[PDB]
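Analysis of the macromolecular model
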Number of protein chains: 2
Amino acid sequence: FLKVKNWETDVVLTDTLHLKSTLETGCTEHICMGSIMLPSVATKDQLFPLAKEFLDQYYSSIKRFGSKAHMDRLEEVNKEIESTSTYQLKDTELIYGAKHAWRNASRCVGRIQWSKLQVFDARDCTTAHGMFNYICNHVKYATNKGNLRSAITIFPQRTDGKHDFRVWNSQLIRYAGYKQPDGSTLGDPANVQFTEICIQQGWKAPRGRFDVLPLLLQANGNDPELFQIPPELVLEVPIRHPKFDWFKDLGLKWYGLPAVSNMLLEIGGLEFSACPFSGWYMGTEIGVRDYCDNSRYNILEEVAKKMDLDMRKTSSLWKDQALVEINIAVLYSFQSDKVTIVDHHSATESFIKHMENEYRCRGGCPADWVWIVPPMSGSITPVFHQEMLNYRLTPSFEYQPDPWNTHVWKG
Amino acid sequence: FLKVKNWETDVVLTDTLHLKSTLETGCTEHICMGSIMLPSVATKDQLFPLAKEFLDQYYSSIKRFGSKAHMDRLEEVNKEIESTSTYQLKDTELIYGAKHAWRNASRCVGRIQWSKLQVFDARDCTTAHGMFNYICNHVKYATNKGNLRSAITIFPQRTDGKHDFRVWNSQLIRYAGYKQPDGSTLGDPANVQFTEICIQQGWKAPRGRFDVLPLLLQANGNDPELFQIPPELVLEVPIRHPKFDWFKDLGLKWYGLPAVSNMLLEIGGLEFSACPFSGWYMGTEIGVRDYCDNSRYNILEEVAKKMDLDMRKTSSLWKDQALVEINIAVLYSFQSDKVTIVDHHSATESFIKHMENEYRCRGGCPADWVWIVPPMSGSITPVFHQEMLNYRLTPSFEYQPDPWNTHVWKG
Ligand code: HEM
Ligand code: HEM
Ligand SMILES: N=C(Nc1ccc(CCNCc2cccc(NC(=N)c3ccon3)c2)cc1)c1ccon1
Ligand SMILES: N=C(Nc1ccc(CCNCc2cccc(NC(=N)c3ccon3)c2)cc1)c1ccon1
Ligand SMILES: C[C@H](O)[C@H](O)[C@H]1CNc2nc(N)[nH]c(=O)c2N1
Ligand SMILES: C[C@H](O)[C@H](O)[C@H]1CNc2nc(N)[nH]c(=O)c2N1
Ligand SMILES: OC[C@@H](O)[C@H](O)[C@@H](O)CO
Ligand SMILES: OC[C@@H](O)[C@H](O)[C@@H](O)CO
Ligand SMILES: [Zn+2]
């Protein structure tokens, strides 16, 4: 029964939810790995406890734990795992598991919204063209003309392992990255391997900066196929500043819709390798990381130039000064276009408010401080001063290798 | 043999030093506590392994592991722990243990300087007046007319537990905190309990803001006594800005010398409860935390006012904008007065450079990411992108309770 403190408010919360945790963190009693970025087919013996555990808390959730329908559903799944050595979720079980994977995502500061999620059951899908159709419907729905709405699209579960639905893009909407003859990089350096895989598969690149990539969709373990998202469905925010008119001349823009596609959704021991989920941006992921990581767009040089800043010295904080201006601009631009975005102050406050709820009506909230704390102005946000217990609860979103590293090709 | 990655540079380092770790982190395989702020008399049975371990690595250090002088010193300490159930360090062992406590301080970003430390052996001290004399000599030396130099002053080790040397101040130089009739707080809210303990012991407060506190010095477990550091030894930097002339009218100032006094130094199983250590400031501890924590001086309201900023909305980032300006001012002011200070960019770079050294010539470097990452502009500093293994090596600096919570008074 562990205790977490907030040192800005002296609020104390007691955590008993971590007791239900099952999987391992990477840490031991004699070494903490809380800052390691990635922490490291299934038999039917392994599958029933996972279905049992999941189904016990799903029925416990709708205030019908143990009754007739529960014992029947345990027997039902038990029988089906005998018959097929897998099983199939109810539409309701699928929506519970999804929402709860997000709920348990300990690196996610947006989780106050975990219950307002739209689940698109795509488990009838059989082809890359069918995948393309489902994804476009996702983008159109979630985008909602800038009034963004959270959603996930769930393609068929892994079965054997050699018939896996995968979206090879990291995000449904990502800008291309091309290297140059002079070793420099145009576009997003993050995506240069994937941009060239698409070119390898016959993409015809417009070789500029903010080039929306095509989807590469793998269906039933087959070789993946290229599909360009119709551009009318790709909402983009051009970035201007509410003071600096030269900021328009910078010619920056980002897409409205963050939609992660390269993650694995685990529900009752069943693995969905294709499960793109979308919400909206916290401002910092664009202005700080995307725009200012040295290995990303890396624009601190140019914004500081136009700001007329002392760039000779490290200690002028010219990087810091241009970093605040850049994030003022992303927020201002997104908001003037009525496109949903949250600032790192409002986002982190809501997450403390969420934390109170989870500790009250659930007895805890797994949280990864290293990822929860925004990448600028850390300690003026309330989560800096908030102790967080990290533990792994299921249903969950897991990392998975890139398909081109694992795919036996044959074509 | 664990591996840590840097994701900005793709540099990889292998850690075998953590194997020598002994004490526990608070984390288990199923729960990470890397963001909990505090992680929770000794018999002669317990003391020899600790002396043995320490002495084995000290002789291993001067390239004389196992030789005659080593076996004699093990026998010597062994015999003395039989005779007294404690023992005494050589002047050289005391300097090694001190430097290495700092070296192993995993929350310290300044550790590239760990070998350049001045050890003042105060183990002959017997009185609060003697403590006062040693501390003033520390301040004068370490301050060095603004060309700051690192030092530690080590008072006699804990023996029984009821005769403890303690400095009741958190830092040798701290500004006073007074509450008001209207519940507000003048000075440093952090120190309000300690400011009133001093007033309780007859301090005569000048009840303003930046009131240097008196020392409260406990000697050989006796009741502590008040001594005002001669003000000529208290170097102070008035804070101005290199653009905003109204910044002078803000009337801010900080002391040059950070000198922690409330920590416990552990060497070969021997506990020094009074061991004030001093270095110099990273700019952010003043501009970000001291000046802008909500529960500290909390000046973001006033700087943003004078900056003429949109304070209506959270999403204007007016807090962020005034936070960069404030830290530009602290650095600029300290540097114009030739008083040593480091900026959070230079400090964090040096710590990566230090990390390379420790992994090369020592096989590892314990590091606490939660504390290493500066509290503003986190991800534009190179330590944001650097994985860090945290583990507890000894010699070490440990937290300890406040004396007024533990002191059996009798006066
Ligand atoms: C609703 C608005 C949302 C906001 C403001 C938000 C915010 C964030 C942010 C800032 C991060 C850190 C990402 C990074 O720095 O790489 C993150 C991570 C994450 N989010 Fe949320 N998110 C939202 C919606 C969602 C949804 C709908 C899901 C799942 C259905 C989700 C699941 C996750 C997961 C699993 C991570 C961890 C990813 C990783 O470990 O790389 N989020 N979120
Ligand atoms: C030489 C210049 C130094 C710099 C720039 C520096 C920097 C820092 C900073 C910024 C912190 C975080 C403090 C906080 O946020 O509360 C810290 C913590 C710490 N420093 Fe260093 N420091 C220096 C010297 C020293 C010395 C001389 C020692 C010991 C002999 C030391 C031992 C520690 C310890 C033990 C902590 C952890 C304190 C805690 O857990 O509360 N440092 N340092
Ligand atoms: N893995 C490498 N880099 C790498 C790759 C990925 C990451 C994590 C990035 N997740 C992106 C992400 C996840 C979750 C939420 C958001 N944002 C939202 N707001 C949102 C999006 C959808 O809903 N809400 C963004 C971090 C580093 C690597 C390996 C070798 O080199 N680089
Ligand atoms: N413990 C509480 N607060 C609290 C108390 C202390 C801390 C840690 C503060 N260490 C101060 C510190 C330690 C080490 C280095 C520096 N700086 C230097 N540059 C330097 C100083 C000397 O050499 N180098 C500063 C954090 C929070 C509490 C309990 C109840 O309420 N509050
Ligand atoms: C080394 C470190 O673990 C790595 O930089 C992490 C730190 N915290 C992060 N936090 C978020 N939200 N996103 C990230 O990519 C990272 N990267
Ligand atoms: C809750 C959290 O552990 C707490 O705010 C920590 C975070 N990191 C820190 N880092 C430093 N350097 N100093 C601090 O006081 C803290 N406080
Ligand atoms: O929204 C996530 C952003 O794309 C970045 O933070 C990535 O983590 C890589 O920099
Ligand atoms: O130098 C340390 C500063 O005094 C603060 O960071 C304290 O941690 C409390 O805010
Ligand atoms: Zn841990």
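Residues numbered from 1 in each chain as written, not as in the entry; some residues may be left out. Chains lettered and ligands numbered in written order. Heavy atoms only, no water.

For this deposition, the record names X-ray crystallography as the technique by which the model was determined and cites 2.070 Å as its resolution.

Some points on helix α9 (residues 318-336) of chain A
Residue and element names in this part refer to chain A. Convention followed: Secondary structure elements are defined from DSSP: runs of H or I of at least 4 residues count as helices, runs of E of at least 2 residues count as strands, and each element is numbered from the N terminus. Expected span of a helix, by definition, is 1.5 Å for each gap between consecutive residues, and there is one gap fewer than residues. Throughout, exposure labels follow a simple rule: accessible area from a 1.4 Å probe, protein chains only, divided by the maximum for the residue type, with under 20% read as buried, over 50% as exposed, and the rest as partly exposed.
Between its first and last C-alpha, α9 extends 27 Å over 19 residues, near the 27 Å set by a 1.5 Å rise per residue. Burial of α9 is extensive: 15 of the 19 residues sit out of reach of the surface. Note on α9: the residue one or two positions beyond its end, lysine 338, has a positive phi of about 55°.

Examining the site of ligand 4
Quick reminder of the rule: Here a residue is considered near a molecule or strand provided that any single heavy atom belonging to it is located within 4 Å of it. N or O atoms within 3.5 Å of each other form a polar contact, as long as, within protein, one can give a hydrogen and the other can take it, and as long as residues adjacent in sequence are counted only when both atoms are side-chain atoms. Surface accessibility follows the Shrake-Rupley procedure with a 1.4 Å probe radius. Residue values consider only the protein chains on display as shielding. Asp, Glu, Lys and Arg are counted as charged, while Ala, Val, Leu, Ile, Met, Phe, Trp, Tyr, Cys and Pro are counted as nonpolar; the rest, among them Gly, fall into the polar class.
Within the structure, ligand 4 sits among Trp7 of chain A together with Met37, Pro258, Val260, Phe277, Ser278, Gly279, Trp280, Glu285 and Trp371 of chain B. With respect to ligand 4, the chains having nearby residues are chains A and B. Residue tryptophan 280 of chain B places a main-chain N or O atom 2.9 Å away from a nitrogen atom belonging to ligand 4. Between ligand 4 and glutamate 285 of chain B there is a distance of 2.6 Å, counted from a nitrogen atom to a side-chain nitrogen or oxygen. For ligand 4, the accessible surface in isolation is 690 Å², of which the surrounding protein chains cover 55%. When the residues that make up the shell around ligand 4 are grouped by side-chain class, the tally is seven nonpolar, two polar and one charged.

A word on the site of ligand 1
Residue and element names in this part refer to chain A. Taken together, 15 residues form the shell around ligand 1, and within it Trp102, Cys108, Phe277, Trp371 and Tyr399 come nearest. Note that a nitrogen atom of ligand 1 is positioned 3.5 Å from one of the side-chain N or O atoms of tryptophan 102. Separating an oxygen atom of ligand 1 from a side-chain N or O atom of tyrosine 399 is a distance of 2.7 Å.

Remarks on the pattern of salt bridges
Residues and elements named next belong to chain A. For clarity, the threshold we go by: Salt bridge, as used here, is a side-chain nitrogen of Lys or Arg placed within 4 Å of a carboxyl oxygen of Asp or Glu.
Summed over all chains, the structure comprises 44 salt bridges over all chains. Across the salt bridge formed by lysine 79 and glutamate 75, the nearest N and O atoms sit 3.6 Å from each other. Of the two residues, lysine 79 and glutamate 75 are both situated in helix α2 (residues 68-84); the distance of four residues between them amounts to about one turn of the helix. Classification of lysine 79 by relative accessible area gives exposed; the value is 53%. A salt bridge links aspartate 290 to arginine 174, with the nearest nitrogen and oxygen atoms 3.5 Å apart. Of this pair, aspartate 290 sits in helix α7 (residues 283-292) while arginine 174 sits in the loop between β5 (166-167) and β6 (177-179); the two residues are 116 residues apart in sequence, bridging distant segments of the chain. One salt-bridge network, in which partners are shared between bridges, spans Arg174, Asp188, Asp290 and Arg296.

Topic: the packing of helix α7 (residues 283-292) of chain B against helix α9 (residues 318-336) of chain B
Residues and elements named next belong to chain B. Stated precisely, the cut-off is as follows: Between N-to-C directions, angles span 0 to 180 degrees; the directions come from axes that are lines fitted to C-alpha atoms, helices contributing only their stretch in contact. Throughout, the term roughly parallel applies to angles under 35 degrees, roughly antiparallel to angles over 145, roughly perpendicular to angles from 65 to 115, and oblique to all others. With the far helix as reference, a near helix turned anticlockwise by less than a right angle produces a left-handed crossing, and one turned clockwise produces a right-handed crossing. Note on contacts: a residue pair qualifies if any of its non-hydrogen atoms lie within 4.5 Å across the two residues.
Running from amino to carboxyl end, α7 crosses α9 at an angle of 130°, the nearest separation of the two axes being 9 Å. By the criterion of interaxial angle, the relationship of α7 to α9 is oblique. Seen from above, α7 lies across α9 with right-handed handedness. Along the contact surface, α7 presents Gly283, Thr284, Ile286, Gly287, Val288, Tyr291 and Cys292, while α9 presents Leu323, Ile326, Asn327, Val330, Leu331 and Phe334. A breakdown of the residues in the contact of α7 with α9 according to their chemical character gives nine nonpolar, four polar and no charged.

Considerations on the packing of aromatic side chains
Two measures describe an aromatic ring pair: the distance that separates the ring centres and the angle between the ring planes. We apply this condition: Classification of ring pairs rests on two measures: the distance between centres of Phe, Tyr or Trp rings, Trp counted by its six-membered ring, which must be within 6.5 Å, and the angle between planes, read as stacked under 30 degrees, edge-to-face over 60 and tilted in between.
Scanning the model with the defined rule gives 47 aromatic pairs over all chains in all. Ring geometry for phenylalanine 244 of chain B and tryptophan 246 of chain B: centres 5.4 Å apart, planes at 15°, overall stacked. Residue class for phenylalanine 244 of chain B comes out partly exposed when judged on its relative accessible area of 25%. Taken together, the ring pairs in this structure connect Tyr175, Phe210, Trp254, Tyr255, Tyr281, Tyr291 and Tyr297 of chain A into an aromatic cluster.

Some remarks on unusual backbone geometry
For residues besides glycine, phi is generally negative; the peptide bonds are generally trans as well. Residue and element names in this part refer to chain A. Between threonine 394 and the following residue, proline 395, the backbone shows a cis peptide bond with an omega angle of 0°. The phi dihedral of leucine 317 falls on the positive side, at around 55°, and the residue is not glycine. Within the secondary structure layout, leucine 317 lies in the loop between α8 (300-306) and α9. Phi is positive for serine 377, which is not a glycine, with a value near 45°. Note that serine 377 resides in the loop between α11 (369-372) and β18 (396-398).

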